[PDB]
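Novice: work14.cif (mmCIF, C-alpha atoms) pasted underneath:
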```
data_start
#
loop_
_atom_site.label_atom_id
_atom_site.label_comp_id
_atom_site.auth_asym_id
_atom_site.auth_seq_id
_atom_site.Cartn_x
_atom_site.Cartn_y
_atom_site.Cartn_z
CA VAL A 48 13.92 27.57 -26.90
CA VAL A 49 10.40 28.61 -28.19
CA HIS A 50 7.68 29.77 -25.72
CA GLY A 51 3.90 30.07 -26.11
CA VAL A 52 1.77 33.14 -26.92
CA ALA A 53 -0.06 34.60 -23.93
CA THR A 54 -3.79 34.10 -24.10
CA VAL A 55 -6.95 34.02 -22.02
CA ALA A 56 -9.84 31.75 -22.91
CA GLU A 57 -13.56 32.43 -23.07
CA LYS A 58 -15.76 30.27 -20.89
CA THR A 59 -16.40 26.68 -22.11
CA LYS A 60 -20.19 26.21 -22.95
CA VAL B 2 1.08 51.22 -0.01
CA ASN B 3 -0.29 49.40 -3.13
CA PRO B 4 0.94 51.39 -6.12
CA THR B 5 -1.42 53.21 -8.53
CA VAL B 6 -0.74 53.32 -12.26
CA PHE B 7 -2.60 54.85 -15.16
CA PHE B 8 -3.18 54.37 -18.86
CA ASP B 9 -4.28 57.23 -21.12
CA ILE B 10 -6.40 55.43 -23.74
CA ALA B 11 -6.75 56.58 -27.34
CA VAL B 12 -9.02 55.39 -30.18
CA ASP B 13 -7.40 55.73 -33.63
CA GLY B 14 -5.19 58.34 -31.91
CA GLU B 15 -8.17 60.33 -30.48
CA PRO B 16 -7.89 60.52 -26.64
CA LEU B 17 -10.73 58.71 -24.81
CA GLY B 18 -9.62 59.04 -21.21
CA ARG B 19 -7.50 57.91 -18.29
CA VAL B 20 -7.93 54.56 -16.56
CA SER B 21 -6.32 54.19 -13.11
CA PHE B 22 -5.43 50.91 -11.44
CA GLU B 23 -4.61 49.71 -7.97
CA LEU B 24 -1.91 47.05 -8.04
CA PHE B 25 -2.16 44.45 -5.22
CA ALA B 26 1.50 44.48 -4.16
CA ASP B 27 0.35 43.39 -0.69
CA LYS B 28 -0.64 39.95 -2.18
CA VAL B 29 1.39 39.65 -5.44
CA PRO B 30 4.36 41.99 -5.16
CA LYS B 31 6.40 40.42 -7.99
CA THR B 32 3.44 40.59 -10.40
CA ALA B 33 2.51 44.12 -9.30
CA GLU B 34 6.08 45.29 -9.71
CA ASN B 35 6.28 43.94 -13.27
CA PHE B 36 3.18 45.85 -14.31
CA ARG B 37 4.21 49.01 -12.40
CA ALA B 38 7.65 49.10 -14.04
CA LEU B 39 6.24 48.41 -17.48
CA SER B 40 3.79 51.26 -16.93
CA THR B 41 6.50 53.81 -16.04
CA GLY B 42 8.87 52.73 -18.78
CA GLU B 43 11.77 53.01 -16.28
CA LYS B 44 13.60 49.91 -17.60
CA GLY B 45 13.60 51.46 -21.22
CA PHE B 46 10.65 49.38 -22.48
CA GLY B 47 7.04 48.97 -21.53
CA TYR B 48 3.41 49.54 -22.30
CA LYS B 49 3.44 53.07 -23.74
CA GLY B 50 2.28 53.05 -27.35
CA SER B 51 1.01 49.47 -27.23
CA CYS B 52 -2.55 48.46 -28.13
CA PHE B 53 -5.39 46.31 -26.86
CA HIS B 54 -5.24 43.65 -29.57
CA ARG B 55 -8.16 41.51 -28.42
CA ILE B 56 -11.42 42.90 -26.97
CA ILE B 57 -14.49 40.69 -26.44
CA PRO B 58 -17.47 42.62 -25.08
CA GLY B 59 -18.88 41.07 -21.94
CA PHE B 60 -15.54 39.30 -21.26
CA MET B 61 -12.28 41.34 -21.23
CA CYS B 62 -9.89 43.69 -22.95
CA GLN B 63 -6.42 42.15 -23.56
CA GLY B 64 -3.19 44.07 -24.12
CA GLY B 65 0.46 44.28 -23.25
CA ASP B 66 2.35 43.21 -26.39
CA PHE B 67 4.91 46.00 -26.71
CA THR B 68 7.53 43.84 -28.44
CA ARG B 69 5.85 42.41 -31.58
CA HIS B 70 2.78 44.73 -31.58
CA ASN B 71 0.72 41.85 -33.10
CA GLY B 72 -0.60 40.09 -29.94
CA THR B 73 2.15 37.41 -29.97
CA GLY B 74 4.81 39.23 -27.94
CA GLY B 75 5.53 40.89 -24.64
CA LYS B 76 8.13 40.34 -21.98
CA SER B 77 8.49 40.74 -18.23
CA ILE B 78 11.01 42.89 -16.37
CA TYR B 79 12.63 39.61 -15.03
CA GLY B 80 14.56 38.53 -18.18
CA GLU B 81 12.33 35.47 -18.53
CA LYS B 82 8.66 34.59 -18.17
CA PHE B 83 7.93 34.49 -14.42
CA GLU B 84 6.16 32.22 -12.02
CA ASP B 85 2.49 32.37 -11.10
CA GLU B 86 3.07 34.20 -7.84
CA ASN B 87 -0.19 32.90 -6.26
CA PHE B 88 -3.90 32.54 -7.02
CA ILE B 89 -5.13 34.03 -3.75
CA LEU B 90 -7.16 36.72 -5.50
CA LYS B 91 -10.11 35.65 -7.68
CA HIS B 92 -11.76 37.01 -10.82
CA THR B 93 -14.69 38.56 -8.97
CA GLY B 94 -16.15 41.03 -11.50
CA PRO B 95 -15.58 43.88 -13.92
CA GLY B 96 -12.38 45.88 -13.51
CA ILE B 97 -10.16 42.98 -12.34
CA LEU B 98 -6.65 43.11 -13.82
CA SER B 99 -5.13 39.70 -14.45
CA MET B 100 -2.19 38.19 -16.35
CA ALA B 101 -2.64 36.50 -19.70
CA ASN B 102 -0.38 33.43 -20.03
CA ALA B 103 0.49 30.32 -22.07
CA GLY B 104 -0.13 27.92 -19.16
CA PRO B 105 1.49 27.65 -15.73
CA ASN B 106 4.40 29.92 -14.87
CA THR B 107 4.49 31.85 -18.15
CA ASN B 108 3.79 35.41 -17.07
CA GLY B 109 5.24 38.04 -19.39
CA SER B 110 3.67 41.47 -20.04
CA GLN B 111 0.26 40.60 -21.49
CA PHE B 112 -2.74 41.22 -19.28
CA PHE B 113 -6.47 41.61 -19.41
CA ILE B 114 -9.02 43.90 -17.84
CA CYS B 115 -12.20 42.01 -17.08
CA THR B 116 -15.57 43.49 -18.08
CA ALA B 117 -17.49 40.76 -16.25
CA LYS B 118 -16.93 38.14 -13.59
CA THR B 119 -14.60 35.49 -15.09
CA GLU B 120 -14.54 32.82 -12.41
CA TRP B 121 -13.44 30.01 -14.78
CA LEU B 122 -10.01 31.73 -14.87
CA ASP B 123 -9.50 31.33 -11.09
CA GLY B 124 -6.41 29.31 -10.36
CA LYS B 125 -5.15 29.71 -13.98
CA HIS B 126 -4.48 33.48 -14.27
CA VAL B 127 -2.87 35.64 -11.58
CA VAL B 128 -5.12 38.49 -10.46
CA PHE B 129 -2.93 41.43 -9.45
CA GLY B 130 -4.97 44.65 -9.59
CA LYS B 131 -8.24 46.35 -10.27
CA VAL B 132 -9.53 49.48 -12.03
CA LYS B 133 -9.62 52.32 -9.43
CA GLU B 134 -11.01 55.12 -11.69
CA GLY B 135 -12.21 55.26 -15.29
CA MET B 136 -14.11 52.02 -15.56
CA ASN B 137 -16.38 54.02 -17.88
CA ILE B 138 -13.39 54.35 -20.28
CA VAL B 139 -13.00 50.55 -20.25
CA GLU B 140 -16.75 50.28 -20.96
CA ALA B 141 -16.30 52.75 -23.86
CA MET B 142 -13.26 50.70 -25.13
CA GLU B 143 -15.20 47.52 -24.96
CA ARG B 144 -17.59 48.86 -27.70
CA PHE B 145 -14.70 48.70 -30.28
CA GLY B 146 -14.31 44.99 -29.68
CA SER B 147 -16.26 42.16 -31.32
CA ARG B 148 -17.39 38.61 -30.49
CA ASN B 149 -14.29 37.28 -32.34
CA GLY B 150 -11.99 39.75 -30.47
CA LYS B 151 -10.70 41.84 -33.38
CA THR B 152 -11.03 45.61 -32.72
CA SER B 153 -12.75 47.91 -35.20
CA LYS B 154 -10.48 50.83 -34.21
CA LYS B 155 -6.90 50.88 -32.81
CA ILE B 156 -7.17 51.08 -28.99
CA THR B 157 -3.84 52.33 -27.66
CA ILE B 158 -2.11 53.19 -24.44
CA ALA B 159 -1.11 56.68 -25.55
CA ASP B 160 0.67 57.32 -22.22
CA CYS B 161 1.06 55.50 -18.98
CA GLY B 162 2.81 55.89 -15.70
CA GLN B 163 2.70 55.66 -11.95
CA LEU B 164 0.65 58.05 -9.91
CA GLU B 165 1.51 59.71 -6.70
#
```
Kindly transcribe the structure held in the file into structure tokens.

Specialist:
Amino acid sequence: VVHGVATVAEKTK
Amino acid sequence: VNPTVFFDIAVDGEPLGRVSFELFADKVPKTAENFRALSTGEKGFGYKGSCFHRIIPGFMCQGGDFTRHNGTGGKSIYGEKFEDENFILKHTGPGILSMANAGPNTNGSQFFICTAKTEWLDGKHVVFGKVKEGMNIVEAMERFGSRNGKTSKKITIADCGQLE
């Protein structure tokens, strides 16, 4: 079972 | 009492200073406990020696991948990614400590330290602590980041642990 890479997104402009 | 942990930060191996965090166990005990345990190394793995792989000035410093050391890894103390415990606490300004994730209920070990208010992350990332002492080290760290997030020097957690 393959899980996603932890991330955090910059604000949408 | 909310636990206190520390990171001793280094820059290409040169010590920069100690950052201290309060962990909000009173609101997010499961999330606090993960980070506390990973900071002490008591389970035989954790943050010591890992780096801040993504730093965007004016946004945040991201770390916590102690498994792949390339920004794609990390793991919780719970044997599986864990649930978003709650979103009671908000991203209110610099120094907030919050979990990085791959969408709902995918908490592992990666985290970020905010260097600004990041309110668009409210309800998506679990806030679980806050810089207590050494925000000026985080501000110094932040200078080795870039707009694209790659660091110009290796920012490492040279030591970490729980404080009395």

Novice: Tell me the residues of chain A close to chain B, meaning within 7 Å using only C-alpha atoms, as a short mmCIF file (atom, residue, chain, number, x, y, z; two decimals) with C-alpha atoms, in the frame of the given file.

Specialist:
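Once everything was written out, this is iface10.cif:
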```cif
data_model
loop_
_atom_site.label_atom_id
_atom_site.label_comp_id
_atom_site.auth_asym_id
_atom_site.auth_seq_id
_atom_site.Cartn_x
_atom_site.Cartn_y
_atom_site.Cartn_z
CA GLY A 51 3.90 30.07 -26.11
CA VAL A 52 1.77 33.14 -26.92
CA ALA A 53 -0.06 34.60 -23.93
CA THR A 54 -3.79 34.10 -24.10
CA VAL A 55 -6.95 34.02 -22.02
CA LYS A 58 -15.76 30.27 -20.89
#
```

Novice: Evaluate the PyMOL selection byres ((chain B and resi 131) around 12) against this structure - the residues, as a CSV table (one decimal) with C-alpha atoms, keeping the file's coordinate frame, please.

Specialist:
```csv
chain,number,residue,atom,x,y,z
B,3,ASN,CA,-0.3,49.4,-3.1
B,4,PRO,CA,0.9,51.4,-6.1
B,5,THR,CA,-1.4,53.2,-8.5
B,6,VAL,CA,-0.7,53.3,-12.3
B,7,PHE,CA,-2.6,54.8,-15.2
B,20,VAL,CA,-7.9,54.6,-16.6
B,21,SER,CA,-6.3,54.2,-13.1
B,22,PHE,CA,-5.4,50.9,-11.4
B,23,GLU,CA,-4.6,49.7,-8.0
B,24,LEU,CA,-1.9,47.0,-8.0
B,25,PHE,CA,-2.2,44.4,-5.2
B,26,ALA,CA,1.5,44.5,-4.2
B,33,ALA,CA,2.5,44.1,-9.3
B,90,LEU,CA,-7.2,36.7,-5.5
B,91,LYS,CA,-10.1,35.6,-7.7
B,92,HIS,CA,-11.8,37.0,-10.8
B,93,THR,CA,-14.7,38.6,-9.0
B,94,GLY,CA,-16.2,41.0,-11.5
B,95,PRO,CA,-15.6,43.9,-13.9
B,96,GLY,CA,-12.4,45.9,-13.5
B,97,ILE,CA,-10.2,43.0,-12.3
B,98,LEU,CA,-6.6,43.1,-13.8
B,99,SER,CA,-5.1,39.7,-14.4
B,100,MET,CA,-2.2,38.2,-16.4
B,112,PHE,CA,-2.7,41.2,-19.3
B,113,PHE,CA,-6.5,41.6,-19.4
B,114,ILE,CA,-9.0,43.9,-17.8
B,115,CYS,CA,-12.2,42.0,-17.1
B,116,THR,CA,-15.6,43.5,-18.1
B,128,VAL,CA,-5.1,38.5,-10.5
B,129,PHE,CA,-2.9,41.4,-9.4
B,130,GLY,CA,-5.0,44.6,-9.6
B,132,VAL,CA,-9.5,49.5,-12.0
B,133,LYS,CA,-9.6,52.3,-9.4
B,134,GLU,CA,-11.0,55.1,-11.7
B,135,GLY,CA,-12.2,55.3,-15.3
B,136,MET,CA,-14.1,52.0,-15.6
B,139,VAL,CA,-13.0,50.6,-20.2
```

Novice: Which residue is closest to residue 30 (chain B)? Choose from B:62, B:81, B:86, B:56 and count only C-alpha atoms.

Specialist: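 Nearest candidate to residue 30 (chain B) out of B:62, B:81, B:86, B:56: B:86.
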
Novice: Build an axis-aligned box that encloses every atom of region 11-21 of chain B listed in the file, pad it by 3 Å on each side, and report its centre and edge lengths in Å to one decimal, as AutoDock Vina command-line options.

Specialist:
```
--center_x -8.0 --center_y 57.4 --center_z -23.4 --size_x 11.5 --size_y 12.3 --size_z 26.5
```

Novice: Work out how far apart CA of residue 58 (chain B) and CA of residue 40 (chain B) are and give it in Å to one decimal.

Specialist: 24.4 Å

Novice: Apply the PyMOL selection byres ((chain B and resi 87) around 9) to the file shown and report the selected residues as number ranges by chain.

Specialist: B: 28-29, 84-86, 88-90, 124, 127-128

Novice: Determine the nearest neighbour of residue 118 (chain B) from the options B:158, B:163, B:59, B:71, counting all atoms listed in the file.

Specialist: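 Among the listed residues, the smallest separation from residue 118 (chain B) belongs to B:59.
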
Novice: Using only C-alpha atoms, which residues sit within 10 Å of region 45-52 of chain B once same-chain residues fewer than 6 positions away are excluded, as a ChimeraX atom specification?

Specialist: /B:8-12,35-39,63-72,75-78,110-111,155-162

Novice: What's the separation between CA of residue 105 (chain B) and CA of residue 59 (chain A), in Å to one decimal place?

Specialist: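 Here the two named atoms are 19.0 Å from each other.
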
Novice: Please compute the CA of residue 154 (chain B)-CA of residue 18 (chain B) distance, one decimal, in Å.

Specialist: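 Spanning CA of residue 154 (chain B) to CA of residue 18 (chain B) is a straight-line distance of 15.4 Å.
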
Novice: Which residue, B:32, B:140, B:43, B:79, has the smallest gap to residue 17 (chain B) when you use only C-alpha atoms?

Specialist: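 Checking each candidate against residue 17 (chain B), we get B:140 as the closest.
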